[PDB]
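Here's the structure we're looking at; comments come further down.
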Amino acid sequence: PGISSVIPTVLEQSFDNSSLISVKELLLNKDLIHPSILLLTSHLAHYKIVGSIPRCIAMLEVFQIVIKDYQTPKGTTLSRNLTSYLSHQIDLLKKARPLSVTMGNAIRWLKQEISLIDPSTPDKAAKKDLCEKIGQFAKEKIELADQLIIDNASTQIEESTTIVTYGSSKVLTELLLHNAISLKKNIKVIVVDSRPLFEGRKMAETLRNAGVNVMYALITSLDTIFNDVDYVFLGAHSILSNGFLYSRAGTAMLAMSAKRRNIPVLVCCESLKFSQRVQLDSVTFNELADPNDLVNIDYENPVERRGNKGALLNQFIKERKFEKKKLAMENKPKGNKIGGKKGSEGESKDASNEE
Amino acid sequence: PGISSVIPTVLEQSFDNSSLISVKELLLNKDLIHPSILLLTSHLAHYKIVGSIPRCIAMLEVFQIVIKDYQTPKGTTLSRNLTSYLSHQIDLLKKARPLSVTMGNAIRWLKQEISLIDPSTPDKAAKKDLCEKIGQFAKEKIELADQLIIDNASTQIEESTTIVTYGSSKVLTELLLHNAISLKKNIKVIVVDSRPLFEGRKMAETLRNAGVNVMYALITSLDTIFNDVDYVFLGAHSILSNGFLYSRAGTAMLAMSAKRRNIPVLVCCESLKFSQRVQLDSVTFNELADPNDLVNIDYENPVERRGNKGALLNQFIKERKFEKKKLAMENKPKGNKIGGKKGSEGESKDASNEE
Amino acid sequence: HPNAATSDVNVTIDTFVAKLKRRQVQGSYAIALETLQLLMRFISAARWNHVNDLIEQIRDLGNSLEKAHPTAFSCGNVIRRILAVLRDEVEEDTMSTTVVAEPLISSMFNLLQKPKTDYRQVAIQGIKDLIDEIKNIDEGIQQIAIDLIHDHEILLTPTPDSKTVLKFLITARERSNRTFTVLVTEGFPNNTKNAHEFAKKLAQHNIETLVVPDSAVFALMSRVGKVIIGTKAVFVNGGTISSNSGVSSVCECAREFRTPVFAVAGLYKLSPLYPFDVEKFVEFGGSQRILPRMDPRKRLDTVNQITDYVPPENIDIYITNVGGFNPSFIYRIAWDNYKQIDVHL
């Protein structure tokens, strides 16, 4: 059946609409669930590496694995309880960590596929062709697109560069790595780190693993870092029907700063991340997590100090809340690198109707 | 003392910084109150003409009259209960309607005067010179100051000008009259008026009575007349020690519009209007009146009509609240013509130390 | 001028220097107090005979102190104030010794045109007055301070390091009729613990407290009503040095949204010297606190700073013990406390 109720810490007065609670340690579940989904959920819940791009790929891989493992029952057809199973999986995912736009798209695609082939064909012939098709799709709309984006970026970069970067966006890491290795230009990389997830640190580590000249900074230290420095790059999660940048935590402020100090910002996005859902603020739907992330006192993740703070429930009238997904302003980013080479962010849903 | 508490209309959830109601109809009054004060109170309660400048003059006149009527008693000295009486008067005034900075200044001056003359001089000789002194003061800080303001305006205002004005500030009216008759110039005077007060209308009427081309303007139709307009003067009430104009009704909007569309805003002010008290928004100290003024259909002030409106407590939660005095911004009004000739609004209290 | 003249007469200078260098002394107030004490010691013990020479000596001492530590502004300020106090008295004395018209309190044309007493006691009294002033600032702010914040309004608080700002907040919170929601920005490399402490204090006081990370400033900005700075030093044109980390960006954001930006500090923190360079006055922090290891961290050059500088364009209000002032007006206040020649030493 699962688990219900029992939530840690205060519920707060403001920003109460989305799930923030749940299974962290498993106790009593339905005896039919494939464990790979559960494992994935466990990973996603306590993840520090993933950021919009790889999650969907991982999900796809999991689905493929499931298909490979899937065996049709002797009585009922191929699609009878499969849909129910899928629904259950979705519910589990939501309980663990809310579904992204890419994930939704993937789900839609899966549904379409299900509709395409009606229950009449044998087992070993259908899924052989399905898995191949899915692989082909993956090759087409993801990796190739990424490659195209990279190549576009390559021509767009001039001579003598000093760049400030943020996030654990895989595409950006790929880009920077490419710059370092195959282009052999005068590239300087400055990294910004955030409190909820150590993405900046990871980026820095990756850079080190290549051998790049790295400056390391935070959200607070920005007034002195400019005083020569030109380009600013950000990692996007999804672009809505309005045209606003619906992305991760510390991006919008950086963009604003860039705008203030002359030189504009450039953001990268895929040709599948676009959504039909309409929202213009972070209050509508937001990725909210447990206040356990904002407990550690600086330095590193595993330290555990008995300093000043370490209580939430016992404290009378105290609201410790943090947000993960933000909505950045429309006019501030100028450059968008998508499947159609180059374009403005004001296009919004030009690819959505195109499909 | 009279009547206190028990008043219609709710306290309201939004905007409750000042007390909202006070005596209007005379019943059971103390047998020592001078009738001129009472009459003034009756007037102010439902006034259409006066605003900041003439009010203070009227008050001064009343005070002079009181002094003339006052004689030193055999038992009590000249400085024994006069101060108490003054305090009582002030309290009455406050109860009736909130007061200006000029009035306060006048009160302070009076107090100073009281201290200055020692109770030893002949009584007849004392008040003889007192009333003369007060007259002199009035001539200096009002009439002479007005003249100075006029002269300042003269050098700055070009040949054939279009002036857009708001309210019923006497100084501005005087200036316009001067422009019309004494100097003889081509003037186009656009006057804007609101719903609860017909001050603009009155101004227009006065202009007509002289022989000036007047355009009647409204809050609903503002942008149509600007898009031509070269010079804008606002109805001044008090300048704060930050650089903000605490003024009557929708002047802030006008100022904003001016800022947007080419030309800066000009303000004419008295040397004694300045305040050392500081505030930066309309929420701080609001001047309130009864919602009874906005019940009837417009046309004229006294109508008494049967229609639809006339419910404050009868219907399911109905609040009909309005503000009389708002805040004008800092950077938008730059021009200030005072008793010390020239200065800007950024120069907040440079004249306050000079006196 | 070296320390050859002062060795057995005054010894505490070295101790003061030590306190400055290795940061044994903490909080600008404490520094100011120390400076005052030093001045008192100088006055009670040393010999003068002449007045101009004494003044020169004092100036030299001030210069030396400045050279020893530039980030200690309060120390400088106090000295300057003392000099100003001395100067007026000296001027008065000269007029009696010899045995004038002015439109205002100070004249510009007097510089162009050619122009024993018990002054020691007066000087001593000046120090006492200064001490008294230092003692209470919050009492002269609260009469103006608890007039701005209203019901159902939301406050945003960068820099909770200052002791005055907290007090100001507390005084506002005391009132039963007033209710407000508080958003607190953390400040990672310098302000975190302090911020936490502030939050705890707020909780104790029984007010609605919201702890906000440095990245989540943008999302809540549609609801933000007012901005308050925990500044450490005030200057001539309006620009201020803030008490470490996470102030500039927030101010910029406020400016963008046209949110009112308040500042509470005091006139002892106010300096008659100009902040011509950000790089000269602002001191930087430590690299060790951010990231562990050393051998790979030779490649990873980390940038982190203590103090923060905010331009005068963003900040509009400077409420002190005297009253409410502007960045366009505060210069005059400084002049009223520090004289014309006393600026350069």
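Here, each number is a calculation from the coordinates, and none is a lab measurement. Every residue, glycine as well, gets a Cβ built from its backbone with ideal geometry; the counts of neighbours run over all protein chains shown.
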Looking only at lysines whose Cα falls under 19 Å of A:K127's and that sit 8 or more positions away or on another chain, we get A:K68, A:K74, A:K111, A:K139
Using just the Cα positions, wrap segment B:214-259 in a convex hull and report its mean projected area in square nanometres, one decimal place. 4.0 nm²
Using the Kirkwood radius built from alpha carbon pairs, what does the Stokes-Einstein equation give as D for segment C:84-240 at 37 °C and 0.692 mPa s, in µm² per second? 165 µm²/s
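Using a simple charge model, +1 on the beta-carbon of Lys and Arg, -1 on the beta-carbon of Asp and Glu, nothing else, what dipole does segment B:100-185 show about its Cα centre, in debye to the nearest 20?
Values: 11 positive and 12 negative charges, 51 e Å.
Dipole of segment B:100-185, to the nearest 20 debye: 240 debye.
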Starting from the Cα of C:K298, draw a straight line to each of the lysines and keep only those under 24 Å, dropping any in the same chain fewer than 8 residues away. A:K184, A:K185, A:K188, A:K202
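Semi-axes, largest first, in whole Å: what does sqrt of 5 times each Cα gyration tensor eigenvalue give for segment C:9-135? Walk me through the intermediate numbers first.
Values: eigenvalues 177, 57, 39 Å².
The equivalent ellipsoid of segment C:9-135 has semi-axes of 30, 17, 14 Å.
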Tell me, how many Å apart are the Cα centres for segment B:241-263 and for segment A:188-250? 42 Å
With -39,500 (n - 2.57) per DSSP H segment of 4 or more residues and division by the full residue count of the protein assembly as shown, the 222 nm estimate, nearest 500 deg cm²/dmol, is -11500 deg cm²/dmol
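Can you give me the orientation-averaged projected area of the convex hull built on the Cα atoms of the protein assembly as shown, in nm²? Walk me through the numbers before you get to the answer.
Numbers: hull surface 240.4 nm².
Reported value for the Cα convex hull: 60.1 nm².
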Determine ³J(HN,Hα), in whole Hz, for all residues of segment C:68-77 in sequence, where each value follows from phi through the Karplus function 6.51 cos²θ - 1.76 cosθ + 1.60 and θ = phi - 60°; x replaces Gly and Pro. 5, 8, x, 6, 8, 8, 4, 3, x, 4
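Once you have a ≥ b ≥ c as the square roots of the Cα gyration tensor eigenvalues for segment B:79-152, tell me rounded if a/c is under 1.5, and otherwise prolate or oblate according to whether a/b is larger than b/c.
Oblate, since a/c reaches 1.5 and b/c is not below a/b.
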How high is the FRET efficiency between A:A126 and A:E347 when r is their beta carbon distance and R₀ equals 30 Å, given to the nearest 0.05? 0.20
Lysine pairs meeting the criterion (Cα under 28 Å, 8 or more apart or interchain), as found in segment C:9-135: 9
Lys/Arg Cβ at +1, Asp/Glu Cβ at -1, dipole of segment B:11-148 taken about the Cα centre: which of B:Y47, B:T121, B:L26 is farthest positive-ward? B:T121
Roughly how crowded by other chains is peptide B:274-281, in terms of the mean Cβ count from those chains within 10 Å of each of its Cβ atoms? 4
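For B:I7 and B:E113, FRET efficiency with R0 = 41 Å and r from the beta-carbon atoms, rounded to 0.05? Numbers along the way, then the final one.
On the way: r = 37 Å, r/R0 = 0.90.
About 0.65, to the nearest 0.05.
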Residue-averaged beta-carbon neighbours from other chains (10 angstrom radius) around C:184-193: 4
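Nothing charged except the Cβ atoms of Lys and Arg (+1) and of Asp and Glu (-1): what's the magnitude of the dipole of segment C:229-315 about its Cα centre? Round to the nearest 20 debye. Could you put the intermediate results ahead of the total?
Numbers: 10 positive and 9 negative charges, 64 e Å.
Dipole about the Cα centre, nearest 20: 300 debye.
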Considering segment A:126-184, what Rg and Dmax in Å follow from its alpha-carbon atoms? 15.8, 54
Testing the spin-label approximation: label points 7 Å from Cα along Cα→Cβ at C:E66 and C:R299. State their distance in nm. 4.6 nm
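Based on other C-beta atoms within 10 Å, arrange C:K163, A:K124, B:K68 from fewest to most.
Details: C:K163 15, A:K124 8, B:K68 11.
In order of increasing Cβ crowding within 10 Å: A:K124, B:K68, C:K163.
Hey, could you get me the Stokes-Einstein D for segment A:149-355, Kirkwood radius over alpha-carbon pairs, 37 °C and 0.692 mPa s, rounded to whole µm² s⁻¹? Please report the intermediate quantities before stating the final value.
Working: Rh = 18.7 Å.
It diffuses with D of about 176 µm²/s by this estimate.
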Excluding residues fewer than 8 positions from C:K200 in its own chain, the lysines with Cα under 21 Å of it are A:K309, A:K318, A:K321, C:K163, C:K167
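Jot down the per residue volume, in cubic angstrom and as a whole number, of the convex hull over the alpha-carbon atoms of segment C:137-336. All intermediate terms of the calculation are to be shown ahead of the outcome.
Details: hull volume 24.9 nm³, N = 200.
Considering the Cα atoms of segment C:137-336, their hull volume per residue is 125 Å³.
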Quick one, can you get me the convex hull of the C-alpha atoms of chain C expressed as volume per residue in Å³? 183 Å³
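Mind listing which GluC sites (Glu not before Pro) in segment C:233-286 are in a DSSP loop and have 14 or fewer other Cβ atoms within 10 Å? Kindly include the intermediate steps, with their values, before the conclusion.
Numbers: sites: C:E252, C:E256, C:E279, C:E283; in loops: C:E283.
In loop regions of segment C:233-286 (DSSP not H, G, I, E or B), the sparsely surrounded GluC sites (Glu not before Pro) are C:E283.
Shielding of C:290-302 by partners, i.e. mean partner chain Cβ atoms within 10 Å per residue?
Numbers: counts 8, 6, 3, 0, 0, 0, 3, 2, 0, 7, 9, 4, 8.
Mean number of neighbouring Cβ atoms from other chains: 4.
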Under a no-solvent Debye model with one identical scatterer per Cα of segment A:11-148, what's log10 I(q)/I(0) at q = 0.19 Å⁻¹? -1.29
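Sorted by packing (mean other beta-carbon atoms within 10 Å per residue), highest first, where do B:51-57, C:145-151, A:303-309 land? Mind showing how you got there, number by number?
On the way: B:51-57: 20.6, C:145-151: 18.0, A:303-309: 11.0.
Ranking the peptides B:51-57, C:145-151, A:303-309 by packing returns B:51-57, C:145-151, A:303-309.
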Under a plain spin-label model, where a point goes 7 Å from the Cα along Cα-to-Cβ, how far apart in nm are C:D8 and A:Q147? 8.9 nm
Using just the C-alpha positions of chain A as equal point scatterers, what log10 of I(q)/I(0) does the Debye formula give at each q in 0.09, 0.15 1/Å? -0.59, -1.45
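First check a/c for segment C:72-125, with a ≥ b ≥ c the square roots of the eigenvalues of its C-alpha gyration tensor; if it is under 1.5, answer rounded, and if not, answer prolate when a/b is larger than b/c or oblate otherwise. Kindly include the intermediate steps, with their values, before the conclusion.
Numbers: a/c = 2.81, a/b = 1.29, b/c = 2.17.
Because a/c hits 1.5 or more and a/b fails to exceed b/c, segment C:72-125 counts as oblate.
How much space per residue, in cubic angstrom, does the convex hull of the C-alpha atoms of segment B:161-219 take up?
Working: hull volume 3.8 nm³, N = 59.
In segment B:161-219, the Cα hull volume divided by residue count equals 65 Å³.
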